[PDB]
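*Asks:* There's a structure below that I have some questions on.
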Amino acid sequence: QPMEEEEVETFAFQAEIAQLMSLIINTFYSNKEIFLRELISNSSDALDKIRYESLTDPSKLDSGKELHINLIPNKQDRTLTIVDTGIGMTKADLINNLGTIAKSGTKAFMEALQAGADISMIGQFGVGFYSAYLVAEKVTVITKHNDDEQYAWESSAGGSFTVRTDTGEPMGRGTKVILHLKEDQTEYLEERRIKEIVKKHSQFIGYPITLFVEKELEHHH
Ligand SMILES: Cc1cc(-c2c(Cl)cccc2OCCCC(F)(F)F)nc(N)n1
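To convert, count from 1 in the sequence shown and add 9; that's the authors' numbering.
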């Protein structure tokens, strides 16, 4: 008789990834806006990937031809969501690429920071995604790859993350990164702030970037 039932898996982050997340989410930096550049950069790469695949197999765009990036601030939920129609991830991709297997860059980046590097260089070590925790207390990733189910990944950086099937609104293809913002980081929900950050840092992204300001209408939250 339950409306829904689903299995939820909990995985431990690999140690260096856990270490990186703790350093990022706890440390003061004065240039936190760079997180948006890193996430938009990931979307652009994911969009490059599906586009490349579609070169030799057009039917890979049966799940949607438009290649673009949406930014969706929601003040009532205090969330900023970055959505793309890129290649998406399989369940194994989520588990493997978002916490259980460390690349050398995870330790390299922390080494670099010790050697005097700047947090803004995180993208050069292939781990820019985790810069999301500069501004977010929790991150939810919803993703759909061709021929696969839609999955939801989530972590509040406790040393572990969860994976489960996402039964909400079906995406055609791609990835949503939902940032549940820290209380003092709500500036990044403001249209003015989002525009100036995109203009400054993402000028050379070769895909449409579109803002959708989300508001839940009264009595209809
Ligand atoms: C498929 C996908 C994957 C990611 C992504 C996430 Cl959520 C966490 C950590 C690394 C990532 O990509 C690395 C690059 C993945 C590549 F090469 F497929 F683009 N982001 C988006 N928007 N889309």
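Every residue, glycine too, gets a C-beta built ideally from N, C-alpha and C.
1. CA-CA distance, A111 and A27?
2. Mind checking which residues open and close the alpha helix (DSSP H) that includes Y160?
3. Please determine, among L143, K84, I218 and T152, the residue with the shortest C-alpha to C-alpha distance to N106.
4. Have a look at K100, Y61 and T90 and flag the residue whose alpha-carbon is nearest the alpha-carbon of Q159.
5. Would you kindly work out how many angstroms separate the C-alpha atoms of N40 and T88, rounded to a whole number?
6. List, from N- to C-terminal side, the alpha helix (DSSP H) runs of 4 residues or more that fit wholly inside the segment 178 to 229.
7. Are the CB atoms of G125 and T184 within a distance shorter than 7 Å?
8. Within this structure, are the beta carbons of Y139 and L29 separated by less than 7 Å?
9. Return the chain-ordered list of same chain residues with a C-beta closer than 8 Å to the C-beta of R182, the five sequence neighbours on each side being excluded.
10. Quick check on this structure: which residue in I49, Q133 and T171 has the alpha carbon closest to the alpha carbon of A117?
11. Our contact map puts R173 next to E16 with C-beta atoms below 8 Å; I'd like the distance itself, whole angstroms only.
12. Do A145 and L188 have their C-beta atoms closer together than 7 Å?
13. Report the rounded CA-to-CA distance for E14 versus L103, giving the unit in angstroms.
14. I'd like to know whether the C-beta atoms of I131 and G137 end up nearer to each other than 7 Å.
15. Comparing alpha-carbon positions, which option in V148, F37 and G114 lies nearest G167?
*Replies:* Answer, in terms of the structure:
1. 10 Å
2. Here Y160 belongs to no alpha helix (DSSP H); instead the beta strand (DSSP E) covers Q159 to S164.
3. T152
4. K100
5. 20 Å
6. List check, alpha helix (DSSP H) in window: 200 to 210.
7. no
8. yes
9. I59, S72, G73, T94, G95, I96, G97, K153, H154 and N155
10. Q133
11. 7 Å
12. yes
13. Roughly 21 Å separates the two Cα atoms.
14. The Cβ atoms of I131 and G137 lie closer than 7 Å to each other.
15. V148
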